[PDB]
**Q** 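Dropping the structure in here first, questions after.
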Amino acid sequence: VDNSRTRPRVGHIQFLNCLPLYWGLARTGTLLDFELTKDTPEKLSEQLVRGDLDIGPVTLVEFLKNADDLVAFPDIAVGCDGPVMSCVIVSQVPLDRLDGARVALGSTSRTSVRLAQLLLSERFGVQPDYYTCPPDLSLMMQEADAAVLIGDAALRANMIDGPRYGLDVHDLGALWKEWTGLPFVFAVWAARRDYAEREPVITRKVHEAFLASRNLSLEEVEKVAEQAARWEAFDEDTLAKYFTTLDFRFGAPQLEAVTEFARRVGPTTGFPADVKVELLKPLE
Amino acid sequence: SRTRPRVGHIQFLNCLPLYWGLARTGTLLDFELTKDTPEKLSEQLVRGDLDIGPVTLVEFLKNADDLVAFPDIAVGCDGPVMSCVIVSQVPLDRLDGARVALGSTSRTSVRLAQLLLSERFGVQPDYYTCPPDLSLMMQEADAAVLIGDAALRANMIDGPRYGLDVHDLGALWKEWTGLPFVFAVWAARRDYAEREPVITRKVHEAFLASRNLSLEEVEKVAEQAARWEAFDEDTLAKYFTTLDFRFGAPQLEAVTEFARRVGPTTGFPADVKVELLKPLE
Ligand SMILES: C=C(Oc1cccc(C(=O)O)c1)C(=O)O
Ligand SMILES: C=C(Oc1cccc(C(=O)O)c1)C(=O)O
């Protein structure tokens, strides 16, 4: 029987927002310490919660609903301070005309759709008729007055489709910034609590390798954008702007934003407004 | 917009150094990579789920009109290969009429094993395909043909522990013919190679560059990989340096002779043509 130690099963968001991180993981050789699974953020959250992964990215709302069973990694997250570029409301009408209107919510999103609902309800005071559908701007704009998108589809709407067809595109990071002055965290990295307690060292090594890979990806953002531009509808300048607009930090100012958002949506989402975010402790 | 080529990659240790090279060079970010066992990756490439990938030799020969092989990279050996074995509780000349389990992930080594047992040792066993599991196989058969990590484990660990004979298929072929052996090649679908000659060529050159780097850094790869395997650093470095990743004239010589000896009993012409990706003139 092969009872040797097993590589941690690690999720990775397939979208462009984590493409520089993937570059870092590859260049550092970290990938060879992982059994990597790539997918969309809602699938990766399901897999980690149900035990198909040991460590991975968790969209914030799903992390908070499972906070007792997950341990978040400090100093890395998928966030913004102001615009995030890839979490948007695309609308054919001004936001204040959306009361009773149809608003399509992309099915891959858990956090941005809730942030959009919070903003529309509690900031602009409109109550639209929401519905979930697969992310497809063309179909959404044929059947609804507005749509909430994330990931590459949202970046495409923001940078290409929106300007082409004269559609308003509202940046959810900027809308939240205007409303609260705060940055925003859309997704965190976490280990399952049982995996973190069974393998504290591997969990720590995975965490440190993520930080190192993230740091390298920041230094080489131009090389990453140059390479990725050959395979995307976005050009090199757009991708480098995107990669540098994203904020991958996760310290005290970012936790402050998570705390406030969790408070405003917890009771109507599925977790306490004062839900406890447990962070992976460093070696003392 | 242009789409990344869909590229297969054998999940076994034999291509872990190559994966290291693909990551370190950044080549991985030009691929949409799929990892699986060699028989699955071969099926996927033939049926169009991949554009470029490793193809176990026998399956390449059965589909040679529709595949274009990459020169100067392959999975082979010159003598022992370490991870393609016959594990037997009896000497090979005592296997006539006995049950021999063929690991289901193999297409080439199982045929090479059959060729050796019939035409070199002159025994005709009762073959059957089953999942690779040395323990279950040794309870249900007198011998078993294994590849990949399972074969490497049998050769380096399980065999010596339980006193089981383990025959290296590369060495048996070398003894019989004096030739090296090629177990798998890399190929592009012909339709993909003709639609995207530049991408196909860049993928090929990136594979060569990554392979070369993996040879240069074999020790770091072994040190890292040993932390996740039952094999230690010295065993992995020995394995990685015993594998022969070349694919030039002497290796094609071996493919030609093997194809000749098994074609009529496998499912392709004995003189099947191996088309190679041509470099830019
Ligand atoms: C930066 C983004 O923000 C995210 C990331 C992951 C999940 C979600 C979600 O809404 O569930 C949002 C992006 O999508 O690019
Ligand atoms: C070096 C090996 O040889 C192979 C590689 C790929 C496929 C096959 C097969 O038999 O189909 C054999 C190994 O398995 O490690």
Side-chain angles (χ1 to χ4, degrees), chain A residues 1-10 12 14 16 18-39 152 155-156 159-161 199 201-202 205-206 209 213 216-217 220-236 238-239 243, chain B residues 1-6 9 11 13 15-35 132-136 149-150 152-154 156-158 161-162 196 198-199 202-203 206 210 213-214 217 220-232 235-236:
Chain A
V1 175
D2 186 8
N3 283 116
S4 70
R5 312 188 70 187
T6 308
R7 285 174 186 83
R9 297 167 301 167
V10 180
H12 189 88
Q14 67 187 41
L16 288 166
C18 289
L19 184 51
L21 181 58
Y22 183 64
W23 165 278
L25 295 165
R27 295 280 272 93
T28 58
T30 294
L31 283 185
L32 277 76
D33 295 314
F34 295 178
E35 186 63 25
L36 194 80
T37 295
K38 285 191 177 183
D39 212 334
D152 300 359
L155 185 66
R156 188 187 159 78
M159 302 293 103
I160 297 160
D161 307 325
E199 302 281 2
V201 177
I202 298 180
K205 294 310 188 189
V206 171
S213 293
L216 181 63
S217 68
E220 294 184 337
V221 62
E222 185 255 9
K223 294 179 180 66
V224 180
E226 170 181 327
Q227 181 184 36
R230 305 183 185 111
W231 308 109
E232 313 288 344
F234 316 99
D235 64 358
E236 176 177 345
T238 297
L239 293 177
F243 296 156
Chain B
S1 70
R2 206 89 152 275
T3 309
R4 285 176 184 84
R6 298 167 301 167
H9 188 86
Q11 67 187 40
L13 288 166
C15 289
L16 185 52
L18 181 58
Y19 182 64
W20 164 277
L22 295 165
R24 294 281 271 93
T25 57
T27 294
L28 282 185
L29 276 75
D30 294 313
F31 296 175
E32 187 170 80
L33 194 80
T34 296
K35 285 190 178 183
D133 186 321
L134 181 61
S135 290
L136 190 53
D149 301 359
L152 186 66
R153 189 188 160 78
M156 302 293 103
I157 296 159
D158 306 326
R161 180 168 298 157
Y162 297 86
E196 302 279 1
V198 175
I199 297 180
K202 292 185 177 175
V203 172
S210 293
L213 183 64
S214 69
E217 294 185 337
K220 293 179 60 177
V221 180
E223 170 182 328
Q224 182 186 36
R227 304 183 184 111
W228 306 109
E229 311 288 343
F231 315 98
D232 64 359
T235 297
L236 293 178

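Values below: every heavy atom of this structure, side chains too, minus hydrogens, waters and symmetry copies. Within every chain, numbering begins at 1; the chains are lettered A, B, ... in the order of the sequence lines, protein sequences first and strands thereafter.
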**Q** Heavy-atom distances under 4.5 Å only: say whether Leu25(A) touches chain B with side chain, backbone, both or neither.
**A**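 For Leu25(A), there is no contact with chain B at all, as no heavy atom is under 4.5 Å.
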**Q** Under a 4.5 Å heavy-atom cut-off, does chain A meet the side chain of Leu134(B), its backbone, both or neither?
**A** neither
**Q** In terms of heavy-atom proximity below 4.5 Å to chain A, should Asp30(B) be classed as side chain, backbone, both, or neither?
**A**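 Backbone plus side chain of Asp30(B), per the 4.5 Å heavy-atom cut-off to chain A.
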**Q** Taking all atoms of both residues into account, what is the closest heavy-atom pair of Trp228(B) and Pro8(A), and its distance?
**A**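 That would be CH2-CD, 3.7 Å.
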**Q** Counting only heavy atoms closer than 4.5 Å, note whether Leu36(A) contacts chain B via side chain, backbone, both or neither.
**A**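 For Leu36(A), neither part sits under 4.5 Å from chain B.
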**Q** Within the distance-only criterion (no hydrogens, no angle test), does the side chain of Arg227(B) pair as donor or acceptor with the backbone N or O of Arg7(A) below 3.5 angstrom?
**A** no
**Q** Just how far is it from atom CD of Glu35(A) to atom NZ of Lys35(B), taken to the nearest 0.5 Å?
**A**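 Rounded to the nearest 0.5 Å, the CD-NZ separation comes to 6.0 Å.
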**Q** Roughly how far, to the nearest 0.5 Å, is CG of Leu28(B) from CZ of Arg27(A)?
**A**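 That separation rounds to 12.0 Å.
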**Q** Quick check: closest heavy atoms across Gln227(A) and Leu29(B), and the distance to 0.1 Å?
**A**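 Answer, listing the atom of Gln227(A) first, then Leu29(B): OE1-CB, 3.3 Å.
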